[PDB]
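Here is upload.cif, consisting of mmCIF, C-alpha atoms:
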```
data_start
#
loop_
_atom_site.label_atom_id
_atom_site.label_comp_id
_atom_site.auth_asym_id
_atom_site.auth_seq_id
_atom_site.Cartn_x
_atom_site.Cartn_y
_atom_site.Cartn_z
CA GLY A 59 159.56 138.74 -139.64
CA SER A 60 162.50 136.27 -139.08
CA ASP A 61 161.22 134.48 -135.92
CA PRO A 62 160.31 130.77 -134.99
CA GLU A 63 157.00 131.89 -133.23
CA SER A 64 157.39 129.13 -130.57
CA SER A 65 155.62 131.31 -127.88
CA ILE A 66 152.31 131.41 -129.92
CA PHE A 67 152.51 127.59 -130.37
CA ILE A 68 153.14 127.10 -126.54
CA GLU A 69 150.23 129.26 -125.24
CA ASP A 70 147.80 127.87 -127.91
CA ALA A 71 149.01 124.24 -127.18
CA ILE A 72 148.41 124.84 -123.42
CA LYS A 73 144.84 125.89 -124.50
CA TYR A 74 144.51 122.43 -126.21
CA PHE A 75 145.95 120.74 -123.01
CA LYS A 76 143.62 122.65 -120.53
CA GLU A 77 140.37 123.07 -122.61
CA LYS A 78 140.33 119.94 -124.87
CA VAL A 79 142.54 117.61 -122.70
CA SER A 80 142.00 116.95 -118.92
CA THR A 81 144.69 118.12 -116.41
CA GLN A 82 144.73 114.61 -114.77
CA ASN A 83 145.45 113.13 -118.30
CA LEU A 84 148.28 115.62 -119.28
CA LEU A 85 149.97 115.08 -115.81
CA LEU A 86 150.46 111.36 -116.81
CA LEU A 87 152.14 112.62 -120.07
CA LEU A 88 154.43 114.91 -117.92
CA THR A 89 155.28 112.33 -115.12
CA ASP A 90 156.77 109.71 -117.53
CA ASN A 91 159.83 110.86 -119.59
CA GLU A 92 159.37 108.25 -122.45
CA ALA A 93 155.66 109.33 -122.81
CA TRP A 94 156.64 113.04 -123.24
CA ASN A 95 159.51 112.12 -125.70
CA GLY A 96 157.00 109.81 -127.50
CA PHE A 97 154.96 113.02 -128.09
CA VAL A 98 157.88 115.50 -128.86
CA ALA A 99 160.16 113.23 -131.03
CA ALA A 100 157.05 112.27 -133.10
CA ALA A 101 156.11 116.01 -133.43
CA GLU A 102 159.87 116.71 -134.19
CA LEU A 103 159.75 119.80 -131.87
CA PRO A 104 163.14 121.67 -131.22
CA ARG A 105 164.40 121.60 -127.53
CA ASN A 106 163.28 125.29 -127.12
CA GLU A 107 159.48 124.71 -127.51
CA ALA A 108 159.85 121.02 -126.39
CA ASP A 109 160.81 122.38 -122.91
CA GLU A 110 158.62 125.63 -122.96
CA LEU A 111 155.50 123.34 -123.42
CA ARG A 112 156.20 121.03 -120.38
CA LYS A 113 157.38 124.08 -118.31
CA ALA A 114 154.09 126.00 -118.97
CA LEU A 115 152.22 122.73 -118.10
CA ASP A 116 154.63 122.48 -115.06
CA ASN A 117 153.26 125.90 -113.82
CA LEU A 118 149.76 124.29 -114.02
CA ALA A 119 151.40 121.28 -112.23
CA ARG A 120 153.36 123.57 -109.75
CA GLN A 121 150.18 124.36 -107.76
CA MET A 122 149.14 120.61 -107.90
CA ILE A 123 152.44 118.99 -106.60
CA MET A 124 152.09 120.91 -103.24
CA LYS A 125 149.19 118.56 -102.14
CA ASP A 126 148.97 115.82 -104.88
CA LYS A 127 151.33 112.79 -104.56
CA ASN A 128 149.20 111.20 -107.41
CA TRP A 129 152.31 111.31 -109.71
CA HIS A 130 153.84 108.16 -108.03
CA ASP A 131 150.74 107.04 -105.96
CA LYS A 132 150.21 103.71 -107.87
CA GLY A 133 151.37 104.70 -111.43
CA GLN A 134 148.47 102.72 -113.03
CA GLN A 135 146.45 105.33 -115.05
CA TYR A 136 145.51 102.15 -116.96
CA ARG A 137 146.50 98.47 -116.29
CA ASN A 138 148.18 98.27 -119.79
CA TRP A 139 149.79 100.60 -122.44
CA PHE A 140 147.13 99.11 -124.84
CA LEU A 141 144.35 100.57 -122.56
CA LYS A 142 146.21 103.97 -122.45
CA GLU A 143 146.98 104.20 -126.21
CA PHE A 144 143.63 103.06 -127.74
CA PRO A 145 140.95 105.95 -127.39
CA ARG A 146 143.81 108.20 -128.70
CA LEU A 147 147.46 107.44 -129.64
CA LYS A 148 150.58 109.61 -128.80
CA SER A 149 150.77 110.30 -132.61
CA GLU A 150 147.28 112.00 -132.28
CA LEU A 151 148.66 114.35 -129.52
CA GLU A 152 151.55 114.93 -132.00
CA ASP A 153 149.08 115.47 -134.96
CA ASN A 154 147.01 118.19 -133.15
CA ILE A 155 150.23 119.90 -131.89
CA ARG A 156 151.78 119.78 -135.45
CA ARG A 157 148.56 121.53 -136.64
CA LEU A 158 149.16 124.35 -134.03
CA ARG A 159 152.90 124.47 -135.00
CA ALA A 160 152.20 124.68 -138.79
CA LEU A 161 149.54 127.40 -138.00
CA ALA A 162 152.36 129.37 -136.19
CA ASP A 163 154.45 128.84 -139.41
CA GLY A 164 151.22 129.69 -141.35
CA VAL A 165 151.48 133.24 -139.88
CA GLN A 166 155.35 133.48 -140.15
CA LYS A 167 156.63 131.25 -143.10
CA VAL A 168 160.34 132.15 -142.32
CA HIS A 169 160.83 128.48 -141.33
CA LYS A 170 160.50 127.26 -145.00
CA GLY A 171 157.95 124.39 -144.77
CA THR A 172 155.42 125.06 -147.59
#
```

Show how you would write the structure in this file as structure tokens.
Amino acid sequence: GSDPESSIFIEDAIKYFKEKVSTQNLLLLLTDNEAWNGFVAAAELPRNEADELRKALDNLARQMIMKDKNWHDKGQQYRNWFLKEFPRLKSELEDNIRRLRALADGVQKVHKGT
């Protein structure tokens, strides 16, 4: 009754990243540092959950990196950033994650949002 509830947000965000988002798509968010910060800095997430998210996704990635060199194979998920950020923007990944975060606060309300 005086907690951030980051853990709930992490597990339920990983559900959004595994069920709603493809693994091959989230690995391209993880591989590039500016892409991940483009998500987190937009979502304004504290370093605690900011890391716990990518670390939980890095356990999903931990089993992959043993055989997959796809991380630096060619680097071209798409030929342009326009082609990447057009079906959905990094602010949409942020939006859906801010929903999950404010739902964690929706249970707790110690972090005085509204």

- Item | Nearest to residue 123 (chain A) by atom-to-atom distance, counting all atoms listed in the file, from A:83, A:89, A:166, A:154 |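 For residue 123 (chain A), the nearest of the candidates is A:89.
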
- Pick from A:61, A:108, A:93, A:152: nearest to residue 139 (chain A), with only C-alpha atoms counted?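 Using only C-alpha atoms, residue 139 (chain A) sits closest to A:93.
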
- Query: Which residue out of A:81, A:64, A:146, A:109 has the minimum interatomic distance to residue 95 (chain A) when all atoms listed in the file are used?
  - Reply: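 Counting all atoms listed in the file, the residue closest to residue 95 (chain A) is A:109.
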
- Compute the distance from (154.8, 134.6, -142.3) to each atom, counting all atoms listed in the file, keep the residues with any atom at most 10 Å away, and return them as number ranges by chain; use the coordinates of the file. A: 59-63, 161-170

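Among the candidates A:160, A:114, A:85, A:155, the one nearest to residue 100 (chain A) when counting only C-alpha atoms is A:155.
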
- Quick one: pull the distance between CA of residue 111 (chain A) and CA of residue 67 (chain A), Å, one decimal.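 Interatomic distance, CA of residue 111 (chain A) to CA of residue 67 (chain A): 8.7 Å.
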
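With distances taken over all atoms listed in the file, A:88 is the one residue among A:68, A:171, A:88, A:102 lying closest to residue 129 (chain A).
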
- What separation in Å, quoted to one decimal, exists between CA of residue 69 (chain A) and CA of residue 90 (chain A)? 22.0 Å

- At what distance in Å, to one decimal, does CA of residue 82 (chain A) lie from CA of residue 101 (chain A)? 21.9 Å

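Across A:127, A:148, A:73, A:132, the tightest approach to residue 98 (chain A) is made by A:148 when counting all atoms listed in the file.
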
Axis-aligned box for region 114-129 of chain A, 3 Å per side, centre and edges in Å as JSON:
```
{"center_x": 151.8, "center_y": 118.6, "center_z": -110.6, "size_x": 11.7, "size_y": 20.8, "size_z": 22.8}
```

Reconstructed region 89-122 of chain A, atom set N, CA and C atoms, as a PDB file, in the frame of the given file:
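Listed below is the output, selection11.pdb:
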```
ATOM      1  N   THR A  89     154.603 113.146-116.168  1.00  0.00           N
ATOM      2  CA  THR A  89     155.280 112.330-115.120  1.00  0.00           C
ATOM      3  C   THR A  89     156.281 111.314-115.717  1.00  0.00           C
ATOM      4  N   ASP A  90     155.922 110.709-116.862  1.00  0.00           N
ATOM      5  CA  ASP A  90     156.770 109.710-117.530  1.00  0.00           C
ATOM      6  C   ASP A  90     157.574 110.377-118.673  1.00  0.00           C
ATOM      7  N   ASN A  91     158.910 110.238-118.619  1.00  0.00           N
ATOM      8  CA  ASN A  91     159.830 110.860-119.590  1.00  0.00           C
ATOM      9  C   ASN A  91     159.652 110.283-121.021  1.00  0.00           C
ATOM     10  N   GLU A  92     159.528 108.944-121.135  1.00  0.00           N
ATOM     11  CA  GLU A  92     159.370 108.250-122.450  1.00  0.00           C
ATOM     12  C   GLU A  92     158.018 108.598-123.131  1.00  0.00           C
ATOM     13  N   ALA A  93     156.986 108.879-122.318  1.00  0.00           N
ATOM     14  CA  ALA A  93     155.660 109.330-122.810  1.00  0.00           C
ATOM     15  C   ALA A  93     155.759 110.725-123.456  1.00  0.00           C
ATOM     16  N   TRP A  94     156.420 111.663-122.742  1.00  0.00           N
ATOM     17  CA  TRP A  94     156.640 113.040-123.240  1.00  0.00           C
ATOM     18  C   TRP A  94     157.535 113.047-124.507  1.00  0.00           C
ATOM     19  N   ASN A  95     158.631 112.263-124.506  1.00  0.00           N
ATOM     20  CA  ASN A  95     159.510 112.120-125.700  1.00  0.00           C
ATOM     21  C   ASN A  95     158.794 111.379-126.853  1.00  0.00           C
ATOM     22  N   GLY A  96     157.857 110.478-126.505  1.00  0.00           N
ATOM     23  CA  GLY A  96     157.000 109.810-127.500  1.00  0.00           C
ATOM     24  C   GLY A  96     156.064 110.789-128.235  1.00  0.00           C
ATOM     25  N   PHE A  97     155.713 111.876-127.538  1.00  0.00           N
ATOM     26  CA  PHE A  97     154.960 113.020-128.090  1.00  0.00           C
ATOM     27  C   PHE A  97     155.890 113.975-128.920  1.00  0.00           C
ATOM     28  N   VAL A  98     156.988 114.451-128.291  1.00  0.00           N
ATOM     29  CA  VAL A  98     157.880 115.500-128.860  1.00  0.00           C
ATOM     30  C   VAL A  98     158.691 115.006-130.077  1.00  0.00           C
ATOM     31  N   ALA A  99     159.325 113.828-129.949  1.00  0.00           N
ATOM     32  CA  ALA A  99     160.160 113.230-131.030  1.00  0.00           C
ATOM     33  C   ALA A  99     159.305 112.880-132.272  1.00  0.00           C
ATOM     34  N   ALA A 100     158.046 112.475-132.030  1.00  0.00           N
ATOM     35  CA  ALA A 100     157.050 112.270-133.100  1.00  0.00           C
ATOM     36  C   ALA A 100     156.698 113.611-133.789  1.00  0.00           C
ATOM     37  N   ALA A 101     156.429 114.641-132.960  1.00  0.00           N
ATOM     38  CA  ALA A 101     156.110 116.010-133.430  1.00  0.00           C
ATOM     39  C   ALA A 101     157.359 116.783-133.930  1.00  0.00           C
ATOM     40  N   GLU A 102     158.561 116.187-133.714  1.00  0.00           N
ATOM     41  CA  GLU A 102     159.870 116.710-134.190  1.00  0.00           C
ATOM     42  C   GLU A 102     160.211 118.119-133.637  1.00  0.00           C
ATOM     43  N   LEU A 103     159.640 118.455-132.468  1.00  0.00           N
ATOM     44  CA  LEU A 103     159.750 119.800-131.870  1.00  0.00           C
ATOM     45  C   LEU A 103     161.180 120.082-131.345  1.00  0.00           C
ATOM     46  N   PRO A 104     161.810 121.240-131.745  1.00  0.00           N
ATOM     47  CA  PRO A 104     163.140 121.670-131.220  1.00  0.00           C
ATOM     48  C   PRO A 104     163.115 121.845-129.685  1.00  0.00           C
ATOM     49  N   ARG A 105     164.270 121.598-129.021  1.00  0.00           N
ATOM     50  CA  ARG A 105     164.400 121.600-127.530  1.00  0.00           C
ATOM     51  C   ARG A 105     163.781 122.858-126.860  1.00  0.00           C
ATOM     52  N   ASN A 106     163.800 123.986-127.592  1.00  0.00           N
ATOM     53  CA  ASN A 106     163.280 125.290-127.120  1.00  0.00           C
ATOM     54  C   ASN A 106     161.789 125.177-126.734  1.00  0.00           C
ATOM     55  N   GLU A 107     160.931 124.861-127.729  1.00  0.00           N
ATOM     56  CA  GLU A 107     159.480 124.710-127.510  1.00  0.00           C
ATOM     57  C   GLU A 107     159.161 123.390-126.794  1.00  0.00           C
ATOM     58  N   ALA A 108     159.958 122.340-127.070  1.00  0.00           N
ATOM     59  CA  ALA A 108     159.850 121.020-126.390  1.00  0.00           C
ATOM     60  C   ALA A 108     159.843 121.175-124.848  1.00  0.00           C
ATOM     61  N   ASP A 109     160.749 122.033-124.339  1.00  0.00           N
ATOM     62  CA  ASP A 109     160.810 122.380-122.910  1.00  0.00           C
ATOM     63  C   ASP A 109     159.752 123.447-122.513  1.00  0.00           C
ATOM     64  N   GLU A 110     159.593 124.539-123.296  1.00  0.00           N
ATOM     65  CA  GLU A 110     158.620 125.630-122.960  1.00  0.00           C
ATOM     66  C   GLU A 110     157.160 125.112-122.789  1.00  0.00           C
ATOM     67  N   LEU A 111     156.804 124.050-123.540  1.00  0.00           N
ATOM     68  CA  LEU A 111     155.500 123.340-123.420  1.00  0.00           C
ATOM     69  C   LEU A 111     155.331 122.706-122.013  1.00  0.00           C
ATOM     70  N   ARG A 112     156.241 121.767-121.668  1.00  0.00           N
ATOM     71  CA  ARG A 112     156.200 121.030-120.380  1.00  0.00           C
ATOM     72  C   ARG A 112     156.425 121.947-119.170  1.00  0.00           C
ATOM     73  N   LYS A 113     157.139 123.078-119.372  1.00  0.00           N
ATOM     74  CA  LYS A 113     157.380 124.080-118.310  1.00  0.00           C
ATOM     75  C   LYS A 113     156.116 124.914-118.024  1.00  0.00           C
ATOM     76  N   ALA A 114     155.400 125.311-119.092  1.00  0.00           N
ATOM     77  CA  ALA A 114     154.090 126.000-118.970  1.00  0.00           C
ATOM     78  C   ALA A 114     153.032 125.076-118.317  1.00  0.00           C
ATOM     79  N   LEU A 115     153.048 123.792-118.719  1.00  0.00           N
ATOM     80  CA  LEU A 115     152.220 122.730-118.100  1.00  0.00           C
ATOM     81  C   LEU A 115     152.721 122.382-116.671  1.00  0.00           C
ATOM     82  N   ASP A 116     154.013 122.664-116.393  1.00  0.00           N
ATOM     83  CA  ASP A 116     154.630 122.480-115.060  1.00  0.00           C
ATOM     84  C   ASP A 116     154.255 123.636-114.097  1.00  0.00           C
ATOM     85  N   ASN A 117     153.854 124.806-114.638  1.00  0.00           N
ATOM     86  CA  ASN A 117     153.260 125.900-113.820  1.00  0.00           C
ATOM     87  C   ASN A 117     151.817 125.540-113.401  1.00  0.00           C
ATOM     88  N   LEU A 118     151.070 124.904-114.329  1.00  0.00           N
ATOM     89  CA  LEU A 118     149.760 124.290-114.020  1.00  0.00           C
ATOM     90  C   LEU A 118     149.934 123.130-113.003  1.00  0.00           C
ATOM     91  N   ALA A 119     151.044 122.386-113.138  1.00  0.00           N
ATOM     92  CA  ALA A 119     151.400 121.280-112.230  1.00  0.00           C
ATOM     93  C   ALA A 119     152.034 121.774-110.901  1.00  0.00           C
ATOM     94  N   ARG A 120     152.627 122.987-110.916  1.00  0.00           N
ATOM     95  CA  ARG A 120     153.360 123.570-109.750  1.00  0.00           C
ATOM     96  C   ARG A 120     152.441 123.735-108.524  1.00  0.00           C
ATOM     97  N   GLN A 121     151.220 124.198-108.786  1.00  0.00           N
ATOM     98  CA  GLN A 121     150.180 124.360-107.760  1.00  0.00           C
ATOM     99  C   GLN A 121     149.625 122.984-107.286  1.00  0.00           C
ATOM    100  N   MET A 122     149.652 121.976-108.188  1.00  0.00           N
ATOM    101  CA  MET A 122     149.140 120.610-107.900  1.00  0.00           C
ATOM    102  C   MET A 122     150.092 119.832-106.955  1.00  0.00           C
TER     103      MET A 122
END
```
